[PDB]
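Engineer: Quick one: experimental structure and sequence below.
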Amino acid sequence: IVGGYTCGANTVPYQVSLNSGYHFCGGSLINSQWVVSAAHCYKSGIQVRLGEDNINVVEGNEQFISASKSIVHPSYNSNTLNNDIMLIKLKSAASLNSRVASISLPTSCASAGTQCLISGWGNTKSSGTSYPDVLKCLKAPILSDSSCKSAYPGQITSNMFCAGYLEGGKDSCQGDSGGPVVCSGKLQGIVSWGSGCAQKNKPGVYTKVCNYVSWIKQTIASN
Ligand SMILES: CN1CCN(c2cccc(CN)c2)CC1
Ligand SMILES: [Ca+2]
Ligand SMILES: [Cl-]
């Protein structure tokens with residue numbers, strides 16, 4: 001996250017870190033046994049880390065649980081990042097508590113202008129590299145579909161939306177991928193891609209979760 005702030009320990013209790021010997025992507029806990037993340041985050045041998053604040057220090061509220069299965073969306077296109085969503089099932093159920101909590105799925109799509117909370121352990125510099133140890137947060141509005149498609153002509157599908165600031169300075173960035181965009185208490189977005197981070201007229205692009213609600217509920221009911 002570039003231009004954000006230190007969330008505070010366990011203040012975003014649905015945020016997970018996906019770890020394959022190191023943190024590589026975020027995700028969001030949607031019930032005790034399932035996480036949703038970005039399909040571009042897929043790899044085998046994922047461990048889900050719940051209850052994290054400093055991802056380099058055991059602070060005492062973590063749960064570490066290996067994934068038993070991964071399910072990439074059937075229409076995910078790695079060329080275009082269309083349908084950039086996957087589900088990960090935990091081998092054992094998370095212990096739900098004030099620090100490890102699920103986030104609800106959207107019952108509908110959010111409007112342009114709705115303020116959202118975006119969070120992660122990705123790079124905090126728009127030029128160069130610095131990765132935080134503690135979780136970083138950003139409040140950012142959903143942008144209109146026209147400003148999103150203007151910013152990235154020929155690349156935005158109906159399964160994507162933009163959020164952020166056209167003036168730059170505040171954005172998600174590398175290592176935030178897969179993590180949550182929460183608006184009105186629902187998971188509306190998954191951090192997906194962009195052109196650099198926090199640059200003018202290049203806001204972040206997010207997978208539009210409200211298009212996937214039926215697929216998520218059907219897929220977890222059958223798995
Ligand atoms: C080479 N980078 C380019 C920018 N990427 C990125 C990843 C997530 C979110 C955003 C939104 N700013 C950008 C990471 C890979
Ligand atoms: Ca920790
Ligand atoms: Cl749907």
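Structural biologist: Ah, there it is. Numbers count the residues shown, from 1 in each chain. Ligands and ions are numbered 1, 2, ... in the order given.
Engineer: And stretch 32-52, how far out from the chain middle?
Structural biologist: Centre-to-centre, stretch 32-52 and its host chain are 10 Å apart (CA atoms, centre = their mean, to the nearest Å).
Engineer: Same check on stretch 186-193?
Structural biologist: Taking the mean of its C-alpha atoms, stretch 186-193 sits 5 Å from the chain's own mean (CA atoms, centre = their mean).
Engineer: Could you chop this protein up by domain?
Structural biologist: Domain assignment for the chain by curated CATH domains gives 1-12+103-210, 13-102+211-222.
Engineer: Mean neighbour count for the ones you listed - can I get that in TSV?
Structural biologist: C-beta coordinates here come from the backbone N, C-alpha and C atoms, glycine included. TSV is the format used below for those (neighbours: other CB atoms under 10 Å):
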stretch	mean neighbour count
domain 1-12+103-210	20
domain 13-102+211-222	18
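Engineer: Residues of this structure that sit close to ligand 3?
Structural biologist: 213-214 (CB under 5 Å from the ion).
Engineer: For the residue most central in space within the chain, give me its contacts.
Structural biologist: Per CA atoms, centre = their mean, the C-alpha nearest to the average position across the chain is that of residue 179, at 1.6 Å. Residues near residue 179 by CB atoms under 8 Å, 6 or more residues apart in numbering: 15, 25-28, 37, 118-120, 122, 172, 190-191.
Engineer: repeat that for 6 Å
Structural biologist: When contacts are counted by CB atoms under 6 Å, 6 or more residues apart in numbering, residue 179 touches 26, 119-120, 191.
Engineer: Which one of those residues is nearest to ligand 3?
Structural biologist: Closest approach to ligand 3 among the contacts of residue 179 (CB to the ion): residue 191, at 20.2 Å.
Engineer: Isn't the closest one up against residue 173?
Structural biologist: No. Counting by CB atoms under 6 Å, residue 191 stays clear of residue 173, with 8.9 Å between them.
Engineer: Pull up the residues of the chain that are close to ligand 1.
Structural biologist: By CB under 6 Å from any ligand atom, the residues of the chain that approach ligand 1 are 171-174, 176-177, 191, 193-194, 196-197, 204.
Engineer: Over to the closest residue to residue 53 other than its chain neighbours: give its phi and psi.
Structural biologist: Using CB to CB, 6 or more residues apart in numbering and skipping residues adjacent in sequence, the residue nearest residue 53 is residue 9, 3.9 Å away. Dihedral angles of residue 9 (phi, psi; degrees, to the nearest 10) stand at phi -60, psi 120.
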